[PDB]
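Single chain ahead, by itself, as structure tokens, in the form deposited in one PDB entry.
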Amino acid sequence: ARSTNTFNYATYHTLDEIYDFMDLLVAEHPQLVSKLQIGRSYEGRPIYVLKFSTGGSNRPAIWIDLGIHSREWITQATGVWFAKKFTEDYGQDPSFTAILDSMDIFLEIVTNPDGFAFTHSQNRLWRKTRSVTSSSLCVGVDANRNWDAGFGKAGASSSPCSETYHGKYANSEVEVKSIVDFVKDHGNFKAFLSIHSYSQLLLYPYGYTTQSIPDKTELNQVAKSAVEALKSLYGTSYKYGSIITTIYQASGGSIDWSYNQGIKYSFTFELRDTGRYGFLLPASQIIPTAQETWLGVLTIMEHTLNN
């Protein structure tokens, strides 16, 4: 691919192809997109975040991370499509244009690069990071159980070999701490969205406690509107609700942390499908998934802008 216009959005890519894609996009829209490095992975790979902005200084921002669980390939594929979509819709779509004229968007397409490379090289179903534990032969931590929100509590495992191992201590994984520091230093984030797969669900806090959030009524209606918008394209059916009541108890989650930091609009998406293909979703469903997911995400962005 020599231009983001010749890039194949209908197929799965490697880490190098996604990283090259980032530089092409920045070179093509220098006035709108910029690439930031917020840290390095355990194995030394750079951790990139794309910033979409039309100016200003520390404007209210929207955070979107995809691929924290490496085997969920549909998310990184959706992230690349999203990045391109932002550059094409600005100045064409009234709604999105108004959003970008007042807010900045931070997009992290590959949140767990070490795991992503491993899924391409050794094990397609690997989900954790690749950090080495002092006294154990098992590798990795579940990056979505390593956050400082009910850390170490029921809903995660203390065994290094577990698929849901929470780690030695909150923020022990550099891939997580890098996001924590960035968001805290910025201090003006209004929405925080984490993209996962699969099961077709839209969730809001909390996952580690049965306690209801003070903003339940509002987020519940925002979530309802988002799924209605998402379903309008191809009829894909989504369920919504808090993490603990919709799935089960889970500790150390990212949106539980972001919400406790004051970021009101914290949501987690679980994309296609409902089990037919699971994590191995066919390449031919990449674009349809991205297109419908976009409508749901845009709906939450619109709400964030007016409140």
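Residue numbers run from 1 along the displayed sequence.
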item: Selected stretch [higher average CA B-factor]: 65 to 73 or 274 to 282; value: 274 to 282
item: Mean C-alpha temperature factor, higher of 32 to 40 and 251 to 259; value: 32 to 40
item: Per the PDB entry, maximal CA B factor within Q200, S194, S159, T78; value: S159
item: Top residue by Cα temperature factor, when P205, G167, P113, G150 are compared in the entry; value: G167
item: Third assignment of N146 from its chain's C-alpha B-factors; value: lowest
item: Third of the chain's Cα B-factor distribution that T119 belongs to, per the entry; value: middle
item: Record-listed C-alpha B factor of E228: chain third; value: highest
item: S178 by Cα B-factor - lowest, middle or highest third of the modelled chain; value: lowest
item: Third of the chain's Cα B-factor distribution that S266 belongs to, per the entry; value: lowest
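Beyond what is shown, the protein has a form solved in complex with a partner chain; the following relates to that form.
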query: Stretch from 97 to 105, 198 to 206, 171 to 179, 185 to 193 whose residues place a heavy atom within 4.5 Å of its partner chain in the deposited complex; finding: 198 to 206
query: Close approach of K51 to its partner chain in the deposited complex, 4.5 Å, heavy atom; finding: no
query: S34 within 4.5 Å of its partner chain in the deposited complex, heavy atoms; finding: no
query: Contact flag, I247 vs its partner chain in the deposited complex, heavy atom cut 4.5 Å; finding: yes
query: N8: touches its partner chain in the deposited complex, heavy atom cutoff 4.5 angstroms; finding: yes
